[PDB]
Every structure is written in structure tokens, then in C-alpha cells.
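S.K.: Protein sequences appear in the order of chains D, R, C, B, H and V.
Using full-length UniProt numbering, you'd call the opening residue of the first sequence number 4 and step up by one each time.
Using full-length UniProt numbering, you'd call the opening residue of the second sequence number 1 and step up by one each time.
Using full-length UniProt numbering, you'd call the opening residue of the third sequence number 3 and step up by one each time.
Using full-length UniProt numbering, you'd call the opening residue of the fourth sequence number 2 and step up by one each time.
full-length UniProt numbering puts the fifth sequence at residues 1 to 69, 103 to 315, 323 to 365.
full-length UniProt numbering puts the sixth sequence at residues 1 to 69, 103 to 227.
Have a look at the structure that comes next, please.
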Amino acid sequence: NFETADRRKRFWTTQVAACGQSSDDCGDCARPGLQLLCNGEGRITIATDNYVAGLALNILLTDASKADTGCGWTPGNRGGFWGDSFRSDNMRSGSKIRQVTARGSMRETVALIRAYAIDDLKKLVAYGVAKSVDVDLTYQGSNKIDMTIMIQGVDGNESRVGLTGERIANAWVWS
Amino acid sequence: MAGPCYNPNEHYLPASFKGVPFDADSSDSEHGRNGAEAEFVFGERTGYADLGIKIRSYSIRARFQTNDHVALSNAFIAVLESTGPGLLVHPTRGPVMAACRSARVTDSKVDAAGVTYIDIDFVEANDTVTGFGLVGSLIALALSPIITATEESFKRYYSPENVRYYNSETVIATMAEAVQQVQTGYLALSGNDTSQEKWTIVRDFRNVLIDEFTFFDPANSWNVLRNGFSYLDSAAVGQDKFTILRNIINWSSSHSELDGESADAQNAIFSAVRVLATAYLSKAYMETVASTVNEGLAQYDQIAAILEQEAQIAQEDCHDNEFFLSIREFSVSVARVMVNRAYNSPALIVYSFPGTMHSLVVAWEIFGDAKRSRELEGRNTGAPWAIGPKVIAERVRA
Amino acid sequence: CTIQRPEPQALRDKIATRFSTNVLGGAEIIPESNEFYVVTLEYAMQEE
Amino acid sequence: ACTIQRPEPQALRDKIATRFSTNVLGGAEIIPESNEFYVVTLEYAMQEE
Amino acid sequence: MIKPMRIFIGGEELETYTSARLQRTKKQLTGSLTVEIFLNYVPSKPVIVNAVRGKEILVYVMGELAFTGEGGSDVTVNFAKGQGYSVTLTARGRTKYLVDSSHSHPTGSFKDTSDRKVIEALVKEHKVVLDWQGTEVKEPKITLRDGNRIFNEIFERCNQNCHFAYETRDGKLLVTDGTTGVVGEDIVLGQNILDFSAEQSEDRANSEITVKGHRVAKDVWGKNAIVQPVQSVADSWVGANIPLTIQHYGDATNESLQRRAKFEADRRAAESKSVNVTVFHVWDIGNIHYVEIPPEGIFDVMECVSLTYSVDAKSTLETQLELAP
Amino acid sequence: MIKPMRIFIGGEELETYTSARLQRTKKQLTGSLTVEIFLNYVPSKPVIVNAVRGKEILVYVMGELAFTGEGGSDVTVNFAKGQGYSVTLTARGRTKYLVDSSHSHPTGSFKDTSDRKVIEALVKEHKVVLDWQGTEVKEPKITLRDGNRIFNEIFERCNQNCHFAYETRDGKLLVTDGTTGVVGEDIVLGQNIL
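Here is the structure:
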């Protein structure tokens, strides 16, 4: 039959700047969300582009379960998601980059933040959407700090032979 | 390390155990893999086999120097002895779950007063359920639930002794035809068999059909129908049953043209037969390798449509609410397995070669063994010397 | 004959398979995606 | 014979479509072939059960 | 952790069972148990000794009953110059008296009854509740041997009628002709196994089995009761010719011959496919499990025949199974 | 070195016999054998399974035949959490079925014959070639016990006439009243004893 045999489809995906950017004296930042696409006669539809990038936003912008402390937390904000009780992959949803505390000089604290960021985004490889991820951080002074996150993708159809690693599963999103 | 700009407080995590901080002084670990190396007699070659992963183990050393170290040291021992495992923040290996296995506390009053050392020996401990493993099964279908469900629906309406008398003859005649359909199917499958059991089965079929009173009892009628398919299914394995079962489904697509109760007594025979054939047809598909994802999913759609039609009939006017529920649950169960077979049985993927090449060359490049070219024959069209430029093959899992 | 209240795990799996096969064409439900949250919300509506 | 009166299927399928557009898509109807069309149909199937 | 195995004797809990071992087998008439205890002695000071040679014993495994005595069937007191001083107990099933008591039947020869009506009047001299679920069979001639134990006679009679006789987990006597049907678990290689040591053997199989035996009813005697009653049954799984012949110890009837013949077939078939699995952490025998050992391609349903819970104070908490198809 | 022991099973050589053991006893009716074989398994990959419950087995010791099963009488697959995973095999003489089969004699009682003419009608139901070299004896009455094994009856009848009943190294049944007369070695202490 026709070579387009892969029938797997793609659902909605959160996108950056979907709801515009919120400006303030400090700076300008994006406001991610869902995107609406309109036809010529109404009939709005949601966008389904940049799957892996949308997935990364979900991981970063979600608080994971907080560690036990001995004094306790209010039941409302213990963190995490109640739906994780059913997943069988032996992992927990969300992230915990926001649970850092000022320790030592600012240089040390920034270093810890990078360690958490790598630890949480590492889950992308486990799911199989991406084959490798790395984050580079640069400290320039008091108020200007930058982060860059690099995610490596793959084409939908195999083209190389003799790979040291393995062909990542769930690559039908081809990114 | 390299360079004078190191910051050990920035690269080593602060140790802990069950939430109580403590000062770490060393960090070791042990990993590995279990082998089964074997050497033969008089042979110049050896062998090997993998048997699984080896259990890890961690060892740490702690120092207490602050004022009143005996209380902190003595209070920490009360945590290592607490029942059960707990979270451990290894200085370099990160957070893991472990259970203390031993601990030696050293101290002196004249040789070294004011510092207490304590060695530890941790072991990885992953929680396990108490039923020695209740993993699910995803390699076969469940036919017992639907078959029992079909039995109840068929018995509910089929009753030749209560239908109006001038329609009993027609209803019974239909049942005799339904059994004959199974008889023809079985005889076709086992044509070349000559065992002693075939003669007995053939005799049993003839005896039941000749006798005229066998079909007056709903209990007898159902038993003959259910058993007939059981012999039919076990006659052959694989593609041999595709044509036979498809024919029976075709015959059971009719609908009765009588009125009132007589219609129900006749539709029951048709509806019951079609559901049984569909269930057994699904089992047949599970015994063959999916040639392609597109073909494997096409086969599934052929089944879902038939099951969906039967569900609508049983729910047309609340004819049989329980039957409608049973069919609906079975359909989703079929989908869970048929979809998995198509997408994951051999785990096919499309390759993108730069041009047409022979089957032998393609097999060697993708895998590394030209003897595997036989697999590519069934999935790719084109002559053996012009396979490409896009190939369908398995996933290398080195 | 009797049909009773399904168990939690046996119920969530039924929804996930039904949702995947009829909407995503057999695609797996990748955790922490939008479809993952849609599936779990659907299950809650069922159990309540 | 049904004891729980079930409105006509066409009336139901319109109700789900109207509710979905008003809440999620902001008043616009569905494109004939898309994710929104398929989720709506699945929603109708669940009600039947 | 919540105690995954608790023991009870006479209503007073055992808090010092330094080791334990519970076994239940389908190929016998009573289970068994063995609990090791720690004992002390202070010289020139009082000591309290129970030494109760008989009382109820109960074993609950993970909040579930697993063995009913009756108990304290044996007591021994090991001792050593070195390691230490301990005491060992033992127990068996409620039918412990049947397996060791010679029958005291009122008369000693039935006139005309059924097997069920014979089992009831035989075992009810010791107040043991029967749990019957098999098919009743009618016999014209029964005469229990004089002085033969209860174990021999029930085992003998139930073998000819193809009835399994084994004890349950509650204290009854279950006579069954099949499996309990309680679907169990899926023991899959790579998830919970530790060792399997499967096996096959050709020395315990026969392709054709034949039976013979005379008749005893009043109306049949002569040619019809000497040379007529002979029947043959074949396995068809063995591809060779290994003939066997048996004699029937009873009132031969063509239906009864095959019942005995098939009983041998099931026994021989099971002995040729024994498996021994170990599943680490700690329901019942006769259950139905799925197995998967691709190395030798086990993809067949299995019925458990034996069960064993064994524990030790250091690095041992395991279970064993003896499957058969 | 030139292999001082080679084994065959149905004509395909065993190149992985990690151990071996052979026996031949004059005070019995069948020899034996035992071979341990290394076996492998790769998860999520195909495995080819033989599981031969019956086939011929041959053992040659230093370029000389030393056994003739018929083979694969037993198949057990040992397995361990630690050391390794292997398989074991077993075999016995060609008359194995006589050792484990109840007789199916035509009638069940000879009128007047000799022992040789009786052993021929018992063994030849399973096509096992006899190797007779002893003196014939005339027996006015013989009546094989109903259902008794072939091993029991031959052993019973050959005991009262001083007939040894044991196998050869080729796959026959040899009945003899004395030594084969094949002179062997002079086993001398300090030379070859251990």
C-alpha cells in the first residue's frame, strides 16, 4: 500500500507565547498556553506543533512532591499530582527546580539550580522523545543570569546505519 | 581534579538518611552483572551467558567533631536501627533507597577524645508487593467472559416450545441449518487428517442432525453450538481458519422476517452465531505475525465493525441490556491486544535508503547477517533485486 | 449473571486504551503530556 | 421497553457539540475531521454506557 | 513490617518462633508444619515447662489462614555444649488420627451402598467434617479389610473411582475430581522467579494401559464375569510403544475400568512434567497459573500441586511450588 | 589432543558436553550414560529449542565404540540464580523398553519349548536383536506371569540355568555362561593404579 503507513496522530501541545507576553518594568516574559487556529468560516481548532518543546514546558512549570521536613506541610500544597498513583513507569510527574534555598554565596546557589534542572529534564530521555539534553548556564553578575536548554531530535524515518546507541522509541513525533 | 577553581561544597551533595542530616567522610559503591561463563572439555573455545543485574551496595564513613558529639552520635544510632528502609542521599550517587546492614562505632578516651567515627554498610532495597508478583497478561484474549455472556442472551429468547405453534417448525429448521454450517467448516479444515478421533467426531455430527428431538431443549441446542466451534477452532492453527470463519459470519448476517416473539426466537440464532465466530476469528488473528502495521490495523477494523453492529442490535430497544454491556467491554479488550500486535509484535519501522538495492545487501547493512533477507520478502513489494528506496524492517535492539 | 463496580486500575486502563485507539490511532500515552491530563480527568469523572 | 427514556441520538449529539463549543472553543463549531471531532464522538459513546 | 506470618497455639501467640516451615501437598492426606522455639534455663532457679503434647495449632500467612492442625503432634528438645539450647515442635492436619488409626468399623462389610455413604460411616468415629464435591458412585460389593488403616482404605477406594483425597486449609477432608478453578497468578520469567529446574522423563509414561478384573454382582457369574470385563485406554501423547497392564481390585464394571485407567494416565502424565519454582516473598494448591520460560518455551497453563512456606532468622523468606499440566 | 571421547545424538556431534559419564554393569540388563550441556538465552531474542525426548545416542571412546543407547530418555533443565544455567541428558540400552514394558505375549503359557525359543518371542515384540551363545535347555512347562515385566521374567528364568543377562557395546542382548575370554591388561601396583 501507500508508504505512509504510520497512523499515529498528535494531540494538543502547549506553546510559548500562546497567550502573548506580559510586560513589566523588570522585563518582558512569555505566557505559555494553548493556541487557537481559525478557519475561513469559524470552526476553531487547537494547534499540535512542537510536541517535545511543549512537553518540556509541562515538566519545568509544575511543582513536584516536596521532600519531608519533620515540621510538615499543609495538605493543600504538598506538591505533585494525584494522577501519578496509576502510572507504571516508576517515576513522578512535575519538577522541583523551585525548591532551592539560598545557601552560601550566589555562585553556589546558581550552581545548585543547574543541577536540579538537569536532573528533572533528564526524564525526557527516559520517555524516549529525545536522545540527549544539556543545559548551559552563564553567570555574569548581580542581576543578569541566562539559561539555554538544548534538546536533540531525530527524523521520522531512519537514515543512518550502525549507531552506537539505540533508536529512541516514541520517535513518531520526529523531534 | 584539574585547575585551581574547584569548590567541593558545590559538587558533593550533603549526606542524609531518613531525613536526619549527618556529615559524610567517604563514598564508595559496587556494581556489576551476573555471568555464567562456561568452558568445555578438550575445546579451544569458551562461552558466556547473561543472568541479570547484580545488587548494588554502598559504604560511608561519618565524623562527629562538634561539642557534645556523644549525644548526636548516640542519637543517630537510634535511626539506623529503625525498622524498614528509607531514603538515602548518597554524596555522589544522589538520592537512593537503602537499608542499613551493619555499623561499627569507634571511640577512645585517651587515644582520641573528642571525635567519634562510625562506618556504615548500606544495601539497595526496592519495595516489592507481597503476592510474589501479580503482573498482567497481554499475550492472549479472554473468551470465557463473552462466551458465557452469549449463552445467557441466547437462552433468554430461544424457546421453540413457547413460540406460537405455527412457527416452531421454521425456528427449529433454522437451528439445524446453523449447526450444518459448522459441520461444513470442520470437514474442510481437517481434510488430510486420518486419526481415530476424526471418525468419532464425524459420527457425532451425523447422529445429532439425524435425530429430530435434539433441538427442542435449549440446553441441548446451546451445547451443540458451543462445542461445534471448539472442535472447529482446534482443527487447524493460523491462516487456515480465515476463509472458513469469514463464510460463517457472512451466513449469520441475515435478519428474521417473522413477527413478535417468533422474530426474537430466530434472531437469537443469528446473533449468537455471529458473535461466536467473531470471537474465534480474533483468536485466529493473534496466532499469525503482522506483515505490516497498515495491514495489522486493517484487520482490527474488520473486527470492531462487526462487534459494533451487534452491540447496536442488542441495544436497539433495550432488547438485552446486559448483553450490550458485555459486547462493549469485549470490544475494548480486543482493541487492547490487536493494536499492540500491529505496532509492537516485531516492532517494524521504515528505513530510508539512498536507492534501490538487492534484498541480500539490505539485510546485511541493517542487521549484519545476510541470512536474514528472508524476512524482507513478505513486507516489501518489488522484485528481489529492486527493493527500495524505502524499506520496512525490524528495530535493531543491540 | 452479575456485573459490579469495577476496580480503579481496571477502570483507568479501560479509558486509556479506548481513548488511545479511537483518537490517537494506537499512539502511546506519554506521561506529562496534554493527553495524559485529559485521560486522568476522564477517569475521575467515571469513578465519582 | 426502556424505563429510562433516552432522547433521540441526533438530539444528544447536538447537545454535546453545543456544550463543547461554548466552553472550550468559544462558540465555534468543530471541523469535520480533527481531534475535537473524535473526542466528541468518544464522549457520546461513553454516555451510552 | 506488618507480620507476614503469624502462628497460634491453643490461643496463646508464639512470639519467639526463631524459624518456621509450612508444607501442603495434594498427593497425600495431611499437611505438616515445623516451628522452632528458643528456650532458657537459669540454674538453681524455677522453670515453667509446658510440654503440651497436643493442642490446636494455627498458622496465618499475611492476614490469611494457611493451616489448621491437631497440633503439638511431637515435641523434642535439642541441646548442645556450644551453640545453644532450643526446642522443636511439629503438627499435622485434623485427619492426623485417620492416618495413624486402625478402623473400628461396626461390622466390617457393607451390603450395598455408595462410596460417600461408606466414607461417612468410616471417618465419623473421630469427628472429622467431610467436604464432598465429587460424583457419587454405586457399588454392590464393599468389604473393608480387617484392621487396615483409614489412610489405606480411602486412598485405595478413591483411586479406583478417580477421586483426589486431600485436606483443605480449614480442617476438613476434600474429595475432588478436578481443580478448584481459583485462577491464581502469572509466574513470568524475569519478574519473580529464582529457579525453575523443569524436567521431562520417558521412564514414567506408557502409551497403552490395559485393565482387567472379574465381577461380583449376584446376577452375573461365568463367561460374562471372567473373560468379558476387559478395557483399554491410550494416552496418544507418547510416540512409542510402552504397553502396561493392570488388575482391578474390586467389582469390575466397564465404566469403572476406564475411571481407574484414566486415573493412572493423569498420575503418569503429571510425573513426566514436574517443575520446581521459587518465588521469594510470600494462594492455594490446585490453583491455575500462567507461566513463561522462553528458554525452553513454557507457554502452557499449569496447576499447582504443592506449596511450601519457609523462613529463617537471617536471609530467608521464600516459597516453593510444584506445578504440573 | 586427538579427542579420546566423542558423542553423537542422531548424527549431529555434541561439541559442548561440559561433562560426561558412562557405565556398563554386568550385574544388570542395561547400561547408562549422562551428559551435561551448556545452554544460553538472550532476553527479547529468538531461541531455538530441540527438547528431544527420544533419539539415538552414541559414544566413542578413543576412536572406538563404547555405547549404543534409545537416547534422550530424560531431559532436565537445571538453572540457578548465580553460577549458571545448563541442561542434562540421560540414556540407556536399546532394550530400555523391555526394562520398562509389561509383556504382551500372544497367549501367556508355553506348551513345551526351550528357553531360547521363549526369549525370542518375548524380546521380538520390540525388535531388539538377541545375541545367544549359551547352551539350550528344554523346559516341559513355562507360563509367564500375567502382566510381569520383561526384565523380571528373563532374569528369573536365566537365574536357574546360570545364564548371565547383560548388554554388549553395540545394542544387542548377550546371554552367556562365562567370560568373553578377551585378555586385557596387567594392572600392576606402582605402574598404573591410583
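Even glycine gets a Cβ: it sits at the ideal position worked out from N, Cα and C.
(1) Helix, strand or coil, according to DSSP, for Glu103 of chain V in the structure here?
(2) Would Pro335 of chain H and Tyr17 of chain V qualify as a contact pair, given that the criterion is a beta-carbon distance under 8 angstroms?
(3) Classify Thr68 of chain V as buried or exposed, calling it buried when 16 or more other Cβ atoms lie within 10 Å of its own Cβ.
(4) Which whole runs of the beta strand (DSSP E) in the region 168–244 of chain H are 3 residues long or more, in chain order?
(5) Could you tell me whether the region 210–219 of chain H touches the region 240–252 of chain H, using the rule of 3 or more Cβ pairs below 8 angstroms?
(6) Just the chain C side, please: which residues come within less than 7 angstroms of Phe89 of chain D by C-beta, in chain order?
(7) Any idea what DSSP makes of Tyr300 of chain R, helix, strand or coil?
(8) Ignoring anything shorter than 3 residues, give me the beta strand (DSSP E) runs that lie fully in the region 56–143 of chain R, in order along the chain.
(9) Where do the N-terminal and C-terminal ends of the beta strand (DSSP E) with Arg53 of chain H fall, by residue?
(10) Taking only beta-carbon positions, decide if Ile275 of chain H is within less than 8 angstroms of chain V.
(11) Take the Cβ of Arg190 of chain V as the centre, count every other Cβ of all protein chains shown within 10 Å, and call the residue buried at 16 or more, exposed below.
(12) Quick one: give me the first and last residue of the alpha helix (DSSP H) that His11 of chain R is part of.
(13) For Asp9 of chain D, which residues in the same chain have their Cβ closer than 8 angstroms to its Cβ, ignoring the five residues on either side in sequence?
(14) Go ahead and pull the three-state DSSP assignment for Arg33 of chain R.
(15) May I ask whether a heavy atom of the ligand MG can be found less than 7 angstroms away from the beta carbon of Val362 of chain R?
(16) Any Cβ of chain C within less than 8 angstroms of the Cβ of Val332 of chain R?
(17) What's the C-alpha gap between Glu30 of chain C and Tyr130 of chain D?
(18) Comparing the C-beta of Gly63 of chain V with each C-beta of chain R, is any distance below 8 angstroms?
(19) Taking DSSP as the reference, what is the three-state secondary structure of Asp87 of chain D?
(20) Look at the Cβ atom of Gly54 of chain V, then the Cβ atom of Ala273 of chain H, and state whether they are nearer than 8 angstroms.
(21) Measuring alpha carbon to alpha carbon, tell me which residue in H:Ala51, H:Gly105 and H:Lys45 is nearest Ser32 of chain H.
(22) In chain order, what residues of the region 121–153 of chain D put their CB closer than 9 angstroms to some CB of chain C?
(23) Would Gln360 of chain H count as contacting chain R if we go by Cβ distances under 8 angstroms?
(24) Does the distance from the CB of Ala178 of chain R to the CB of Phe323 of chain R come in under 8 angstroms?
(25) Quick one: Cα of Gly86 of chain D to Cα of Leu43 of chain C, how far?
(26) Any beta-carbon of chain C closer than 8 angstroms to the one on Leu64 of chain D?
(27) Compare the C-alpha of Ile118 of chain R against each of R:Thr128, R:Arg93, R:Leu141 and R:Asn74 and name the closest.
(28) If you follow the beta strand (DSSP E) that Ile154 of chain D is in, where does it begin and where does it stop?
(29) State the beta-bridge partners of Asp123 of chain D as determined by DSSP.
(30) Quick one: Cα of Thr66 of chain R to Cα of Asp23 of chain R, how far?
(31) What does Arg53 of chain V reach in chain H if we use C-beta pairs closer than 7 angstroms?
(32) Out of H:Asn185, H:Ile7, H:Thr25 and H:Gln166, which has the shortest C-alpha to C-alpha gap to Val156 of chain H?
(33) With a threshold of 8 angstroms between beta carbons, is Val25 of chain B in contact with chain C?
(34) Looking at the structure shown, is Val260 of chain H part of a helix, part of a strand, or coil, going by DSSP?
(35) Exposed or buried, what is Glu218 of chain V when buried is set at 16 or more other beta-carbons lying within 10 Å of its beta-carbon?
(36) Spell out a yes or no on whether the region 296–310 of chain R and the region 270–283 of chain R are touching, meaning 3 or more CB-CB pairs, one atom from each, closer than 8 angstroms.
M.R.: According to the data block:
(1) Working through the sixth sequence from its first residue, we reach residue 103 of chain V at position 70. Coil.
(2) The residue you call residue 335 of chain H lines up with position 295 of the fifth sequence. The residue you call residue 17 of chain V lines up with position 17 of the sixth sequence. No; because the gap between Cβ atoms is not below 8 angstroms, this pair is not in contact.
(3) As a first step, residue 68 of chain V is located in the sixth sequence; it is residue number 68 there, counting from the start. By the neighbour-count rule (16 or more Cβ atoms within 10 Å), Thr68 of chain V is buried.
(4) 197–200, 206–209, 216–221 and 231–234
(5) no
(6) Start at 1 with the first residue of the first sequence, and residue 89 of chain D comes out as number 86. Neighbourhood of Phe89 of chain D in chain C, by CB distance below 7 angstroms: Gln11 and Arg14, in chain order.
(7) On the second sequence, position 300 is the one that residue 300 of chain R refers to. Three-state result, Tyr300 of chain R: helix.
(8) Counting whole runs of 3 or more residues, the region 56–143 of chain R contains the beta strand (DSSP E) stretches 57–64, 86–90, 94–106 and 116–124.
(9) Start at 1 with the first residue of the fifth sequence, and residue 53 of chain H comes out as number 53. Looking at the DSSP string, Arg53 of chain H is not in any beta strand (DSSP E), and its letter there is neither H nor E.
(10) For the purposes of this step, residue 275 of chain H is taken as the residue at position 242 of the fifth sequence. Interface residue, yes.
(11) The count along the sixth sequence starts at 1 and reaches residue 190 of chain V at position 157. Buried, by the Cβ-count rule.
(12) As a working note, residue 11 of chain R is residue 11 in the second sequence. From DSSP, the alpha helix (DSSP H) with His11 of chain R extends over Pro8 to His11.
(13) Taking the first sequence and counting its residues from 1, the one referred to as residue 9 of chain D is at position 6. Closer than 8 angstroms at the Cβ level, and outside the excluded window around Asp9 of chain D, lie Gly159 and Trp175.
(14) Sequence index remark: in the second sequence, residue 33 of chain R carries index 33 (1-based). DSSP places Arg33 of chain R in strand when its eight states are reduced to three.
(15) What this structure holds is no ligand at all, so the ligand MG is not there to describe.
(16) Counting from one through the second sequence, the residue named residue 332 of chain R turns up at place 332. Closer than 8 angstroms to some Cβ of chain C, the Cβ of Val332 of chain R qualifies, so yes.
(17) The residue given as residue 30 of chain C occupies position 28 in the third sequence. The residue given as residue 130 of chain D occupies position 127 in the first sequence. Each residue's alpha carbon lies about 11 angstroms from the other.
(18) Here residue 63 of chain V refers to the residue found at position 63 of the sixth sequence. With 8 angstroms as the cut-off, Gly63 of chain V does not count as an interface residue toward chain R.
(19) The sequence position of residue 87 of chain D within the first sequence is 84, counting from 1. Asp87 of chain D falls in the helix class under three-state DSSP.
(20) In the sixth sequence, residue 54 of chain V corresponds to position 54, counting from 1. In the fifth sequence, residue 273 of chain H corresponds to position 240, counting from 1. Yes. Within cutoff.
(21) Indexing the fifth sequence from 1 puts residue 32 of chain H at position 32. Comparing Cα-Cα distances from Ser32 of chain H to each of H:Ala51, H:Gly105 and H:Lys45, the minimum goes to H:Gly105.
(22) Listed by position along the chain: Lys126, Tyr130, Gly131 and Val132.
(23) Position 320 of the fifth sequence, counting from 1, holds the residue named residue 360 of chain H. Taking Cβ atoms only, chain R never reaches closer than 8 angstroms to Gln360 of chain H, which makes this a no.
(24) Indexing the second sequence from 1 puts residue 178 of chain R at position 178. Indexing the second sequence from 1 puts residue 323 of chain R at position 323. Contact: no.
(25) Numbered from its first residue, the first sequence carries residue 86 of chain D at position 83. Numbered from its first residue, the third sequence carries residue 43 of chain C at position 41. Rounded to the nearest angstrom, the two C-alpha atoms are 9 angstroms apart.
(26) Here residue 64 of chain D corresponds to residue number 61 of the first sequence, with the count starting at 1. No, because no Cβ of chain C sits closer than 8 angstroms to the Cβ of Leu64 of chain D.
(27) Within the second sequence, the letter at position 118 stands for residue 118 of chain R. Nearest C-alpha to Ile118 of chain R: R:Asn74.
(28) Residue 154 of chain D sits at position 151 when you count from the first residue of the first sequence. Segment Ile148 to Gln155, the beta strand (DSSP E) holding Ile154 of chain D.
(29) For the purposes of this step, residue 123 of chain D is taken as the residue at position 120 of the first sequence. Beta-bridge pairing links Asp123 of chain D to no other residue.
(30) The count along the second sequence starts at 1 and reaches residue 66 of chain R at position 66. The count along the second sequence starts at 1 and reaches residue 23 of chain R at position 23. Rounded to the nearest angstrom, the two C-alpha atoms are 11 angstroms apart.
(31) Reading the sixth sequence from its first residue, position 53 is the one you call residue 53 of chain V. By Cβ distance, chain H contributes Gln233 and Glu235.
(32) Locating residue 156 of chain H in the fifth sequence gives position 123, counting from the first residue. Comparing Cα-Cα distances from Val156 of chain H to each of H:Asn185, H:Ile7, H:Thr25 and H:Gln166, the minimum goes to H:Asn185.
(33) Indexing the fourth sequence from 1 puts residue 25 of chain B at position 24. Chain C contact via Cβ: absent.
(34) Taking the fifth sequence and counting its residues from 1, the one referred to as residue 260 of chain H is at position 227. Coil at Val260 of chain H, not helix or strand.
(35) Position 185 of the sixth sequence, counted from the first residue, corresponds to residue 218 of chain V. Answer is exposed; the Cβ neighbour count stays below 16.
(36) yes
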